[PDB]
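Given next, in structure tokens, is a single chain: the form deposited in one PDB entry.
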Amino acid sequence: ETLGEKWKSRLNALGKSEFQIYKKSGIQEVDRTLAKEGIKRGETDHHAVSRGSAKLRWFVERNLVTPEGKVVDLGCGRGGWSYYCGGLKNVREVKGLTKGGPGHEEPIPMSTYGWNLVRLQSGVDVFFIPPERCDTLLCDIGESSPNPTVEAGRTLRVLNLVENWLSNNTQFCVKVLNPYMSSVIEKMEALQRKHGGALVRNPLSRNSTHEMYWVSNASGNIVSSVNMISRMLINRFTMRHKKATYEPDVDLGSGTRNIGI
């Protein structure tokens, strides 16, 4: 049943080195060697806390998601999406939330452009806190699993979360870990019916995830766009040139922002 599931099993059948080779075959990457060595030293200016900033940049530079006003970042991790939104013109406030703790990503304090508008807190489980007013809602939650039914449940769980934070006309960028399972496809169709947007594949995503993002300023038939990605991921199982094309990492500048009137 379904292309994505067929893709999933071939993926699970892949050897430990076949998997790694496949994971990056023909994908788009961000050159992060030097930014990570800077962060390690302790630099807090210019650098991105993770490859997630570049990730979000791809969507924003194409108006698929136009962050503005108060931005809530569910599952901010180190703060990749949050610090990036902190430098955008129309952004007034950014609030990031994560689980944190031993063996989980924790926010890293930075001084990138507009950091003073960024509040990052860990020790928080977004699934059980009351929804807050939000102009733009970001969510990058979704732990992958060898079992597609497990991911299907994790995905429905975040889709039900973001729904209660979604008011009408809120800008959003929500990760949909497993968009191919039949039960997630159904929910996404409902969600889109009530809230526009569409699922879009980020070229920076690795081939090892069927990861798609529900973005507000986009359109397209759900089933149609998901199968399009399933075929793409299956095609990449057998590639002659599998070199990943790199791009310089994002520069988040430095300094406080003075929004004023």
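Just count from 1 along the sequence shown to find any residue number.
The protein also exists as the form deposited with a small molecule bound; that form is not presented, and the subsequent description refers to it.
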Proximity to the small molecule in the deposited bound form, single hit among 239, 244, 14, 21 (heavy atom within 4.5 Å):
14
So which of 90, 145, 183, 111 reaches within 4.5 angstroms of the small molecule in the deposited bound form, heavy atom to heavy atom?
145
Select, from the options 166-174, 111-119, 145-153, 184-192, the stretch whose residues sit within 4.5 angstroms of the small molecule in the deposited bound form by heavy atom distance.
145-153
Does residue 221 reach the small molecule in the deposited bound form if we count a contact as any heavy atom within 4.5 Å?
no
With the partner left out of view, is residue 208 within 4.5 angstroms of the small molecule in the deposited bound form by any non-hydrogen atom?
yes
